[PDB]
Amino acid sequence: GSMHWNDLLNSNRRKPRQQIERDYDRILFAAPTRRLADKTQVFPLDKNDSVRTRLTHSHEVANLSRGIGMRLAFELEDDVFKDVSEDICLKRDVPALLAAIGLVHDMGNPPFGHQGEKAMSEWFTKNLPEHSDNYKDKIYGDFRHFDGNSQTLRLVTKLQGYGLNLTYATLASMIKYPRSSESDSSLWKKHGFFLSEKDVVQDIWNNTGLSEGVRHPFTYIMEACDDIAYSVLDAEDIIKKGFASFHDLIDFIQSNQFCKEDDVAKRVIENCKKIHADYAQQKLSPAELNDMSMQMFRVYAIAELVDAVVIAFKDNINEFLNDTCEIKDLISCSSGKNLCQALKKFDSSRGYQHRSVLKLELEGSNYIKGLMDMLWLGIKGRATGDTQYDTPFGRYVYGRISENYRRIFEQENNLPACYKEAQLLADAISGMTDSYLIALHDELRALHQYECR
Amino acid sequence: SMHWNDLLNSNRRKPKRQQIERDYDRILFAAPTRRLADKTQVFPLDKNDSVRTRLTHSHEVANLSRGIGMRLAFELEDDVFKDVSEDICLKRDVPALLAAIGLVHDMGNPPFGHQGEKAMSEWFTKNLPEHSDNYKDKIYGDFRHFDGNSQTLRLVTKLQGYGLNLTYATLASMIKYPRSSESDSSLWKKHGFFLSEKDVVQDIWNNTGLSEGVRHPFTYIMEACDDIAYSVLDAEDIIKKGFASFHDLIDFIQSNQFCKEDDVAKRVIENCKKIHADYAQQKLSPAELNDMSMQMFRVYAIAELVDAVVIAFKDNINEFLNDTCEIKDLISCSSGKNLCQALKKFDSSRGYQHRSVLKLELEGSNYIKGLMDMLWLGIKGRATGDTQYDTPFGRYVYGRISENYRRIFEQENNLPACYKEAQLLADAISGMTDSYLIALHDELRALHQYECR
Ligand SMILES: [Mg+2]
Ligand SMILES: [Mg+2]
């Protein structure tokens, strides 16, 4: 069985310019997209150094995906789009679809970078014990292993009961891991949607020809663009902040075990050496020379990695279009896997373990866990029938939660009451920016003095 | 007349996908583009509000321009683009070109909104007297009537002899007002480039078939998209911040003298009234109902204004391609001019004159003028020869200026010394963000205590 591009590019919407272009416009004009500007990506955003935030990273991923779609729809059309209905305009739909899924991919991630997800998962693991009878079911893993992709899908499908009313193609491409926490798929080790979205994704799977464990072909492209953006622009930011030099990056790539014989890595290194041989002649500050060489390396590396990803996607298009697809990621099957791995290693060694990043992660973990404690004081028991929340502090912290999250929490559905409370807490925490989370944590800590003692 | 072959010149100024797409890619990854996220657009940046910044406004304008380009290249190609070489791929160039010029249109604008430009102009008028023999030429008007478009062109052309190396089509499109301060024309009341770029612009005009007073056709589209974004999105921000309600906007449009018996305004009003009546049934908080109604109004108004702009551009394409074009703006020749004027009046009455915006403007003016005084203390005389600047405070404030601006200032050219010093100050002030400008102002004020008295 092979999936068809007519179903994968379904322009219909769940609620009973091209449609996909309108989807991209709605995603861009959405409030969470603008809120992404205040969410930390890797490095602290308080510093005035033009460091990457979630919004800038999302826009870069969207641009890379749009360029890949441009190449796919204009150059390699007959190679990958073999059987497409005439009413579908690939040149207008594919770039727009890739740009939209790139822009929206990190919309539901919690603040404070990766430490946000890690802290939420740790708090949920501690406060929703797996041995306890209330939180024994695997569905609560949705919070014990909380992931931003499921929250993003929930945000785009249930927050407004259809949300932004994205097309089926967009929603299908949003699902990064086609399985839930209840599922036991060996191919994917992470859940891609919550239990509350279990019906919705099913509807998507009923309109795009997809099923559990089967990924949309454009999801691979979006993930590859995300990985490329991470690996390249994190290194660029590392050099920009002065945590390392361009020569340090070149030496790290050259001395990497898998990049000594890698053709792409050697080509990039040679081109960067040639350019740096000319950039040093002009009178430039060491920071200025580092920035120039870093920009040139970014251009070369992004071009090479994007070309390798496009080639890999074109070569493995038949495997992607088949339901029995075992490809993990597009980078791993491409010729640029070694360079991307080396860049990720460099980013981990030089940027992710720097003093500033570690301090930011520690502060984010502290803030998130404290705020989750104070909010759980007012959330727990609301749906299970208990009354322990009915305190002035509990009422206040419940009133501080955004009204849409509370409205979804006070609804009739098959979700267990404990699951509803945990989902309310997760929705409240995930949608917060760094500054808003810190301010709310400080205010609640100030107001909690009597009840805490 | 003018041919599209020259207007869409993909050649780059520096002597030696698509080139024009590469222009948008380079603009997106530029550091000042990321710095735009820290510059206020109209309203101050809060910790919770999703008000537009310069970056979000630029992205919205770019999206609108890209949609216009898709409509022009995919539907109205025969009506708009006649006698175009088969080498030029309109479907890939026109949308990319419009998006690139929309994203870059506000790169060089000073911080603190429009008050930034106003404060820079007032300070330059006071400290560069027109009666003083040192400053009598019209060239110093470049600073007495400082404009963000000229600084944007300067940044893209002379900041990295070439900067981003944008194509000739892009550079021609970013010239909003095709005239200089020295040249006096009744067509345009503002200068579009500095004296230092006179040779660059003359080059661009040579490679695009344009001339003084003749504006690139896509500049009209970019300006129309900028105006539409300004009006509609500022109204949306006003509603979101709570300064006015959706019913207030509806009443203002209905009670507007020109918007009466206006087809576009009536259509938008009726559609929004029906949608609001439908929405009122759902139990939502007043803020939520206002947000939903304003979002639907934004969708309807943006669609109507964009369609009117497209129709006006298509109808007047022959005049736009003529060197004797007398059109001042695309909106005024469209059917949506009345709605745009009413929206601008509503924004001025409720948003721009709100106490928060007035306080932001006053603080920005104070900060900008104080910092300009303290920087002029260390800049003045560096090029004329007089050595009042050679003080520890002057040396420090000169060292705090960005190295690239200082390097351009120290270059030997035909610019007068006073012009070079004023341009150094303008480049320093314009490139700062709000927070960085405030921090530098506080630092210098702390360090200026002894030398002040
Ligand atoms: Mg990402
Ligand atoms: Mg603008």
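Residues numbered from 1 in each chain as written, not as in the entry; some residues may be left out. Chains lettered and ligands numbered in written order. Part of a larger assembly, values for the part shown. Heavy atoms only, no water.

Looking at the method and resolution fields of the entry, one finds cryo-EM and 2.37 Å.

1. Regarding the packing of aromatic side chains
To keep it simple, the criterion reads: A pair of aromatic rings is counted whenever rings of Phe, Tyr or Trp (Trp by its six-membered ring) have centres within 6.5 Å, and the orientation is called stacked for planes under 30 degrees apart, edge-to-face for over 60 and tilted otherwise. Residue burial is assigned from relative accessible area. The probe radius is 1.4 Å, only protein chains are included, and a residue is buried under 20% of its type maximum, exposed over 50%, and partly exposed in between. Going along the chain from the N terminus, every DSSP run of H or I of four or more residues is numbered as a helix, and every run of E of two or more is numbered as a strand. The rule for a charge over a ring is simple: NZ of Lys or CZ of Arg within 6 Å of the ring centre, and within 35 degrees of the ring normal.
Scanning the model with the defined rule gives 40 aromatic pairs over all chains in all. Summarising the aromatic geometry, the rings of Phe143(B) and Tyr419(B) are spaced 4.8 Å apart at their centres and angled 55 degrees between planes, so their arrangement reads as tilted. The burial state of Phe143(B) is the same as that of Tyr419(B); both residues are buried. Relative to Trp205(B), the ring of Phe193(B) lies with its centre 5.8 Å away and its plane at 80 degrees, an arrangement referred to as edge-to-face. Taken together, the residues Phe193(B) in the loop between α10 (168-174) and α11 (198-208) and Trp205(B) in helix α11 connect sequence positions 12 residues apart. Of the two residues examined, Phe193(B) and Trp205(B), each falls in the buried class. Here the aromatic residues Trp123(A), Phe124(A), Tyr135(A), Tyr140(A), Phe143(A), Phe146(A), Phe194(A), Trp376(A) and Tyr419(A) are joined through ring pairs into a cluster of three or more. Sitting over the face of the ring of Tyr398(A), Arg382(A) holds its NZ or CZ atom 3.6 Å from the ring centroid.

2. Concerning the UniProt feature "binding site: dTTP" (unreviewed entry) in chain A
Residue and element names in this part refer to chain A. Heads up, the rule is: UniProt positions are given in the numbering used here, feature names are shortened, and annotations may be inferred rather than shown by experiment. By definition, residues are in contact when any of their heavy atoms lie within 4.5 Å.
As recorded in UniProt, the sites labelled "binding site: dTTP" (unreviewed entry) are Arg35, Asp49, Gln160, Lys240, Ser402, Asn404, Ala428 and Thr433. You can see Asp49 is positioned in the loop between α3 (31-35) and α4 (54-74). Leave out the neighbours within four places in its chain, and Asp49 touches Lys240 and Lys241. Contact partners of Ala428, with chain neighbours within four places excluded, come to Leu375, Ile401 and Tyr405.

3. Things to note about the UniProt feature "binding site: dGTP 1" (unreviewed entry) in chain A
All names here are of chain A. This is how it is decided: N or O atoms closer than or at 3.5 Å make up a polar contact, with two conditions inside protein: a donor-capable atom paired with an acceptor-capable one, and, for residues adjacent in sequence, both atoms drawn from side chains.
Under the feature "binding site: dGTP 1" (unreviewed entry), the UniProt entry names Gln41, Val42, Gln115, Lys176, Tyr177, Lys190, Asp234, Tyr352 and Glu361. Among the structural elements, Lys190 can be located in the loop between α10 (168-174) and α11 (198-207). Excluding anything up to four places from it in sequence, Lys190 contacts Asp147, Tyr177 and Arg179. Of note, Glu361 is situated in helix α18 (residues 355-379). Not counting residues up to four positions away in its chain, the partners in contact with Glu361 are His114 and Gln115. A polar side-chain atom of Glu361 sits 2.7 Å from a polar atom in the side chain of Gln115.

4. Focus on the state of the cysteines
Heads up, the rule is: The disulfide definition used here is simple: a pair of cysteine sulfur atoms within 2.5 Å.
Inspection of every chain in the model, using the stated rule, returns zero disulfides over all chains. With no disulfide of its own, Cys333(B) lies closest to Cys325(B) among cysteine sulfurs, the gap being 8.1 Å.

5. Topic: the coordination of the magnesium ion (ligand 2)
Residues and elements named next belong to chain B. To keep things clear, this is the line we draw: Note that water is not among the atoms used; donors are N, O and S atoms within 2.8 Å of the metal (3.2 Å for Na, K and Ca), so sites may look incomplete.
Coordination of the magnesium ion (ligand 2) by the protein is provided by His57 (NE2), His105 (NE2), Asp106 (OD), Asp226 (OD) and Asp226 (OD), with metal-donor distances spanning 2.1 to 2.8 Å. Of the two residues, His57 is situated in helix α4 (residues 54-74) and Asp106 in the loop between α6 (90-103) and α7 (113-127); the sequence distance between them amounts to 49 residues. For the pair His57 and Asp106, one class covers both residues: buried.

6. Side note on the UniProt feature "binding site: dTTP" (unreviewed entry) in chain B
Residues and elements named next belong to chain B. Here the UniProt-annotated "binding site: dTTP" (unreviewed entry) positions come out as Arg35, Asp49, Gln160, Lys240, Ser402, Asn404, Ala428 and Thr433. Examined against the element boundaries, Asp49 turns out to sit in the loop between α3 (31-35) and α4. Those residues in contact with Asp49 that sit more than four places away from it in its chain are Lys240 and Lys241. Polar side-chain contacts of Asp49 include one of 2.8 Å to the side chain of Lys241. Given the relative accessible area of 46%, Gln160 is considered partly exposed.

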